[PDB]
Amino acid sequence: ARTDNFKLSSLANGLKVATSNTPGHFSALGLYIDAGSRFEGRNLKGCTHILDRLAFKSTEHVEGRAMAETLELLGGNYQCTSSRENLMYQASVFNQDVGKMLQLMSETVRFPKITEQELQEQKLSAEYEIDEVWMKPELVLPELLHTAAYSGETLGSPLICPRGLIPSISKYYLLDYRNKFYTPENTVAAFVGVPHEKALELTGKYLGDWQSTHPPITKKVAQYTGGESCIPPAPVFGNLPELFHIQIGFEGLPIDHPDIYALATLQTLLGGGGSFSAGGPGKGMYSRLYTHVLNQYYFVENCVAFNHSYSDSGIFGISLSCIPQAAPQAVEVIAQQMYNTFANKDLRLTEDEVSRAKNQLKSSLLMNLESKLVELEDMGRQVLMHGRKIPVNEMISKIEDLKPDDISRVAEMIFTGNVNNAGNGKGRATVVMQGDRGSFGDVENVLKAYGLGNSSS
């Protein structure tokens, strides 16, 4: 907006160029593409992952080896990552090297070679990576949560590529994906600590003559369905204790929804964590999940509130890890916590709770934004999504004006299954778990018993 020293304009080909902040000890820059696993459908499954793993290999004008070496000489602080709704190329470099880094980024984004050898390498390497990902509950559970929350479509389309599909990812599908999503009008070039004038110069020089391929628009809105799923107990290792896991959520809100700040505050007020929580004050030991769960039940080794928020939908809920013996109590424990946020006249949210959660929310946002790379990514994604950068001041103000009732009203809306997003989701809960299915009991009956979710549309 204003204090940010934020400026935004477009090139003739539609590529937006965003800059912010003032000169500093060094700069950051990145290319943001509106792509991700949610747009793969069934035909392009796994293409986002492979393209991101192919980032910065050989291009039409730069040999592989020269690419790698020049990136090292630049400091090596660059990366390509992708998720459900994003695909980004980012780096921080010394001020005098912005142009060279933008050139390299535009080369891998516009003229990647993707030789048979490079592709075969990333594919082989992806199989191993997928095998390791499936051993990490911290990664598997959220993946199962999304898949069931949208019945495997868009936001629930696998973020982890099915192993058996990797071998059939061909150059053809990779080119199809690039031709649909890698277009100037679907891209943003952002910079932190680089004068806007200089950014337009460099962008026009390396991305200016880039032309669209005018592909078929294939972006579907997310339709929350709710659902259940359960995978077998994890193998019992050596000294590590055996744990069952469960995640329960309801459709949440889009990141630009008006009540998003109230929702984030709710998530902070519930807080939670691992029964260990190593660190000094300010970690959140006074949040409800610590107080009403961790400190009360230890057969519970972890309990935390999550809030996945995207462009058109979100998932909000609670995660719980416990000893197999306690599984039968898991659902109820979680249901009570949700209930107590709005439906318990004797556990209403207090001024203190809300005031603390508010300051902790402002705190993590502002403190995180101290990093140039985070300022960069936040700006790039915001512009990519709604073509503007909400200024910090506005963000803080909206958080400070929140009052207890706001949080209670939002808690009720979410947990009651009364969210109305563009995709018109059901008010059904999403319950995903790892362990013996029987051990969790009648999950739907316990949730209804607490008036959670919505039965009648």
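For every residue, the number given is its place in the sequence shown, counted from 1.
Participant: So which stretch wins on mean C-alpha B-factor, 185 to 193 or 293 to 301?
Facilitator: The entry gives the higher C-alpha B-factor average to 293 to 301.
Participant: Per the PDB record, is the mean Cα temperature factor higher over 83 to 91 or over 329 to 337?
Facilitator: That would be 329 to 337.
Participant: Highest Cα B-factor in the PDB entry belongs to which of 430, 27, 420, 58?
Facilitator: Highest CA B-factor of the listed options: 420.
Participant: Name the residue from 377, 251, 256, 176 with the greatest C-alpha temperature factor listed in the entry.
Facilitator: Across 377, 251, 256, 176, the entry lists the biggest C-alpha B-factor for 256.
Participant: Considering every modelled residue of the chain and its Cα B-factor in the PDB entry, is residue 217 in the lowest, middle or highest third?
Facilitator: Residue 217: CA B-factor falls in the highest third of its chain.
Participant: Looking at the entry's B-factor column for C-alpha atoms only, identify whether residue 352 ranks in the lowest, middle or highest third of its chain.
Facilitator: Answer is highest: the recorded C-alpha B-factor places it there.
Participant: Among the modelled residues of this chain, does the Cα B factor of residue 390 put it in the lowest, middle or highest third?
Facilitator: According to the entry, residue 390 has a C-alpha B-factor in the chain's highest third.
Participant: Which third of the chain holds residue 65 when residues are ordered by C-alpha B factor: lowest, middle or highest?
Facilitator: As the PDB entry reports it, the C-alpha B-factor of residue 65 lands in the middle third of its chain.
Participant: Residue 54: which third of its chain by C-alpha temperature factor?
Facilitator: According to the entry, residue 54 has a C-alpha B-factor in the chain's lowest third.
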